[PDB]
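Here's the structure we're looking at; comments come further down.
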Amino acid sequence: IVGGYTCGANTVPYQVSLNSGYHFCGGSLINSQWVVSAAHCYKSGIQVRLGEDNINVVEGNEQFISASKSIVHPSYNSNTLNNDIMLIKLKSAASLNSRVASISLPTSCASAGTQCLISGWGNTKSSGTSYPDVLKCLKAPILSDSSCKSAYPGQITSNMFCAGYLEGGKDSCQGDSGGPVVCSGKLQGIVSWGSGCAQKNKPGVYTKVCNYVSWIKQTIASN
Ligand SMILES: N=C(N)c1ccc(CNC(=O)[C@@H]2CCCN2C(=O)CNC2CCCCCCC2)cc1
Ligand SMILES: [Ca+2]
C-alpha cells in the first residue's frame with residue numbers, strides 16, 4: 001500500500017496473508033473454511049495466516065492453516081488478468097473471533113464514487129521497494145467506467161474496475177495482490193493489477209467480485 005496508514009492491529013479481521021516461507025499475497029476470509037484471493041497468486045505450498053498484524057513477529061491471535069484446495073477460476077487468463085480470482089479452502093476451519101472474522105460478499109455491484117478500504121502488506125513505495133511489518137490501509141474511491149477505460153484503453157473487461165487516485169501517491173502495489181477492497185461492509189474487489197504503483201493517471205485495477213458471487217457459492221457448495 002503506497003500513501004496509506006497503519007491500520008491498527010486486527011482492525012481488518014478478514015485480511016489474511018498467504019505465506020510460502022514469506023508473505024507473497026493477501027486474501028479475504030469469507031467463511032470459516034474459505035478465502036478469496038487472486039488467481040495470479042496461485043502456487044503450491046500455501047499457508048494461510050489469519051489474525052495477523054506484524055507478519056514477522058508472533059504476537060498472539062495468529063492462526064496458521066494450510067491450504068487444502070486452491071481453485072483458480074477456469075476462465076482465468078494470465079495475459080489479460082480477466083477473471084483474476086481464486087478460492088482457497090483451509091485444511092481445518094478457522095476459529096472465528098473479534099480478530100478473525102469473515103467479510104460479506106456483495107448483493108449488488110458498487111457504483112462510481114463509493115469509498116472503499118484497501119489493505120495489505122505490499123510495497124509502500126512508488127519508486128523502489130519497502131515492505132512493512134504491520135498491515136497498511138488506504139481509503140479509495142471507485143472510479144467511473146469512462147475514467148477507468150481512459151486510463152487503460154482496451155484492457156478493462158466487465159470483470160474489472162478501477163479505484164484510487166489519478167493525482168498519484170495513493171495506491172495498492174506488489175504484495176497487496178489478492179487482498180480486499182471492501183465497500184460498505186461488502187467485499188467488492190480483489191487487488192489485481194496496475195501500471196506501476198501510485199503513478200499519475202494509472203489507478204489500481206481490481207477484480208469485480210459482484211460478478212462472481214454465484215460462482216463462489218456454487219464452487220464452495222460442491223467442494
Ligand atoms: N494497484 C496497483 N498499482 C497494483 C499493480 C500491480 C499489482 C500486482 N499485480 C501485478 O503485478 C500483475 C500480475 C501479473 C502482471 N501484473 C501487472 O500488474 C502487469 N501489468 C499488466 C498491465 C496491462 C495489461 C492487462 C493485464 C495486466 C498486467 C498490484 C497492484
Ligand atoms: Ca504476527
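FYI, the numbering just counts along the sequence from 1. Every heavy atom of this structure was used, including side-chain atoms; hydrogens, water molecules and symmetry mates were not.
Annotation: disulfide (SG to SG under 2.5 Å) contacts involving residues 56-117, sequence neighbours excluded, comprise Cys109-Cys210, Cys116-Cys183. Counting only residues at least two apart or in different chains, side chain to side chain donor-acceptor pair (under 3.5 Å) contacts with residues 31-42 comprise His40-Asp84, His40-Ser177. The ring pair (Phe, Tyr, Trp, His ring centres under 6.0 Å) contacts involving residues 93-115 comprise nothing, where partners must be two or more places apart or lie in separate chains.
For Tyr206 and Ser172, the side-chain atoms include at least one donor-acceptor pair closer than 3.5 Å. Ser119 and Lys136 form no side-chain donor-acceptor contact under 3.5 Å, judged by distance and modelled atom types alone. Donor-acceptor pairing under 3.5 Å is lacking for the side chains of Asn82 and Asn77. If you check the side chains of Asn223 and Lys89, you find no donor sitting under 3.5 Å from an acceptor.
Using a 30° and 60° split on the angle between ring planes, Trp215 and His73 fall in the tilted class, from 30° to 60°.
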Exercise. I would like to know whether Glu52 and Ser17 meet side-chain hydrogen bond (donor to acceptor under 3.5 Å, both in side chains); could you show each step before the answer?
Key: CA-CA 7 Å; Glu52 285 281 21; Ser17 159; 5.8 Å; no
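Scanning for side chain to side chain donor-acceptor pair (under 3.5 Å) contacts around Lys217 gives an empty result, with sequence neighbours left out. Listed by chain and number, the residues in a side chain to side chain donor-acceptor pair (under 3.5 Å) with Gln47 are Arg49 (sequence neighbours excluded). Evaluation of the side chain to side chain donor-acceptor pair (under 3.5 Å) rule for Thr114 yields no partner, not counting sequence neighbours.
Rounded to the nearest 0.5 Å, atoms OG (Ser66) and CG (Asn19) are 10.5 Å apart. Within the model, atoms CD1 of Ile30 and OH of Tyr14 stand 14.0 Å from one another, a figure rounded to the nearest 0.5 Å. Interatomic distance, NZ of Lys43 versus CE of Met86, reported as 10.0 Å (0.5 Å rounding). Summarising the geometry, atom CG belonging to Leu105 is positioned 5.0 Å from atom CD1 belonging to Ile216; distances are rounded to the nearest 0.5 Å. If you take OH on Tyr76 and OG1 on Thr207, they are separated by 9.0 Å, rounding to the nearest 0.5 Å. Separating the CD1 atom in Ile156 from the OG atom in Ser147 is a distance of 11.5 Å, to the nearest 0.5 Å.
Counting heavy atoms from C-beta on, the side chains of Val36 and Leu187 come closer than 4.5 Å. With contacts defined as side-chain heavy-atom distances shorter than 4.5 Å, the pair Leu166/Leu143 qualifies.
The backbone N or O of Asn83 sits nowhere less than 3.5 Å from a side-chain atom of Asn159 that would complete a donor-acceptor pair.
Other residues, nucleotides and ligands contribute at most 12 non-hydrogen atoms within 6.0 Å of the NZ atom of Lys139. With a 6.0 Å radius and a threshold of 12 heavy atoms from other residues, nucleotides or ligands, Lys91 has its NZ atom at or below the threshold.
Two rings, from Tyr152 and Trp193, have their centers less than 6.0 Å apart.
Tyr131 and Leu18 fall into different hydrophobic clusters, where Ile, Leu, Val, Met, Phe, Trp and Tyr side chains are chained together by heavy-atom contacts under 4.5 Å.
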